């Protein structure tokens, strides 16, 4: 009977439930409404979510993330060759051509397929919902990017089955975000919807059309390597150079642990800058026992990221061109992904659409799970959201 909606994200995952026409996004054990898509293996335990992300800098080799970049892919694919430079964990090709993620767990070498790693994240989201409901959950709707091919969709479904979920349906992330805002119901005539999704690792722009409760993905574009982690890297690179000028040319980038600790504080300051004009980046005993401290204004962060922020409009122009439509024909602009909280990004999109206010009432990192939860309730026979 009970069906949940799960956004299985590249960096963060989110679970929601739609009951009595309303959607609850469920907080995990730490009170977090989203959970890192991380799995770590130690000498004693298997950690998932917050606990896995929290010890990533201390156990880089055995902390797995980005399994969504590998799911349903052949190891020989050029995207795997390119992405693997970003991973401290080992990935090798099996005899069937499938990627095998290699870690040490309890002093033993273990290998996992990407869908096994994703099944552990899905199982954690299932348990987050179960703790909240006080009852077992079997049914789920899971979302995937619109560009996911048959192999990536099937492997995501398999990850659900391994997690103990009966996958009612795999639906597109941009469509789930549009469903969250009731744009399928409120719009009787044709509606052109632009989904602007900027997360932690990827940027997806999708142009949808909705005529008579039916959504069609007309055009998609974006950048699979543009997200919040790239804005954090702009702050990291600046701090590395700032440390050099302060401490006689000493180079923090030569120590990978120093970089990881600096990156963690850079991402925190970045979040603060979405609601304050300034933030402090502080790392005690960063490199060579030297303490590091710097103040970053929102203007300086905007300057370091200026080109990356402005270039988010290029895939917007591309989808409009592919769909053969003018920006004036877009009825709604939906902001999805945690990076859409950046004020400069919101301003750039608004100005591009000639002052049109984007739909951002739903927490942008929750809108996909929210829509998946609505769809899961509908597929279970509950018409209360409609």
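Numbering follows the first chain given and starts at 1.
J.: Which is higher in the entry, the mean Cα B factor of 243 to 251 or that of 310 to 318?
T.: The recorded data point to 243 to 251.
J.: Select between 160 to 168 and 187 to 195 the stretch whose C-alpha atoms have the higher average B-factor in the entry.
T.: Of 187 to 195 and 160 to 168, the stretch with the higher C-alpha B-factor average is 187 to 195.
J.: For the CA B factor values reported in this entry, which option in 81, 274, 258, 154 has the top one?
T.: It is 258.
J.: Which has the highest CA B-factor per the PDB entry: 35, 339, 346, 42?
T.: In the PDB entry, the greatest C-alpha B-factor among 35, 339, 346, 42 is found at 42.
J.: Classify residue 138 as lowest, middle or highest third according to the C-alpha B-factor given in the PDB entry, relative to its own chain.
T.: Highest third.
J.: Would the CA B-factor of residue 58 place it in the lowest, middle or highest third of its chain?
T.: Its C-alpha B-factor, which the entry lists for residue 58, ranks in the highest third among residues of this chain.
J.: When the modelled residues of the chain are sorted by Cα temperature factor, does residue 178 land in the lowest, middle or highest third?
T.: CA B-factor rank for residue 178: lowest third.
J.: Could you tell me which third, lowest, middle or highest, the C-alpha B-factor of residue 386 occupies within its chain?
T.: Highest third, going by the recorded CA B-factors of the chain.
J.: How does residue 323 rank on Cα B-factor within its chain, lowest, middle or highest third?
T.: For residue 323, whose C-alpha B-factor we compare with every modelled residue in the chain, the answer is the highest third.
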